[PDB]
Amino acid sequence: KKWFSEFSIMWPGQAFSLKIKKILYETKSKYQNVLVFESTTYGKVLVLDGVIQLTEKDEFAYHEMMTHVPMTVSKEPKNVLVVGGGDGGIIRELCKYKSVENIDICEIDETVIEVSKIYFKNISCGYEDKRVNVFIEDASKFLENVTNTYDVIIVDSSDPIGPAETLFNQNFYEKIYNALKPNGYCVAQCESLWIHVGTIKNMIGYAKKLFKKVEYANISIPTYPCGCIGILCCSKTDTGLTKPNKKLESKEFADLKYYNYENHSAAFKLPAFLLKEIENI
């Protein structure tokens, strides 16, 4: 069997590999190279431009933490936007909240949605919910144009190389601020603390120009490089996102596999060297 290897100028000198059971699908979409393969030990794997987006084995860690952190802090979230997230894992976690009335997703690449609906049925199931509305367009444009404001925006983008290159700058954060309710929250996937701390500092400084309270949390996920990934956390009130306002007790949450009330606050307890780098921003 051959191995897939994740190599990138974004983390030089290191690489993670998974063994391939079977390649399932490859295409060059309008935006990205798309690869779906069944791995031998992590189930199916989605790859965009040679970078792992998810595997069936660990995706719940990332989709649960990114969704339930801001959604247990928002008191009565009615309108949620997902930026990127074509695979549908965030939407899947959002549909669990009976209270939500509308879930918009702006995903630039409809191939990713259609690929997820075919090959990742337990991730893309949320697309069946009549509350979900899909916009195929660059979130950088959508956020300039949208009329509605949201209670929560979840930026589930791929990396800065490729069509996500527009989601990693000061302008983008102003657009997010303006599209949120006066008490609304944004979480965004953010750089592994083991890799470019300079990037984390840059993003934090972007968010801090607008938001009252900017926190960084860390998630353990093994198929992202360095085995972890950050959440950049943006709040308009001084109270921030470290402390949930509700517990997930109803039947729709029974099945959760990573996220719980205590993990929520714990994700925000960072390594000493990280606190020192981001103390004077």
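Sequential numbering from 1, following the sequence displayed.
In this entry, 193-201 shows the higher mean Cα temperature factor of the pair 106-114 and 193-201. When 176-184 is weighed against 157-165, 157-165 comes out higher, by mean CA B-factor as recorded in the entry. Across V83, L94, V132, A207, the greatest Cα temperature factor reported in the deposited entry is at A207. Comparing C-alpha B-factors across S235, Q53, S39, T67 in the deposited entry, the largest value falls on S235. In the deposited entry, the Cα temperature factor of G88 sits in the bottom third of values across the chain's modelled residues. When the modelled residues of the chain are ordered by their C-alpha B factor, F253 lands in the highest third.
In the deposited entry, the Cα temperature factor of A267 places it in the lowest third of its chain's modelled residues.
Placement of the Cα temperature factor of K57 within the chain: middle third of the modelled residues, per the deposited record. Per the deposited record, the Cα B-factor of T147 falls in the lowest third when ranked against the other modelled residues of its chain.
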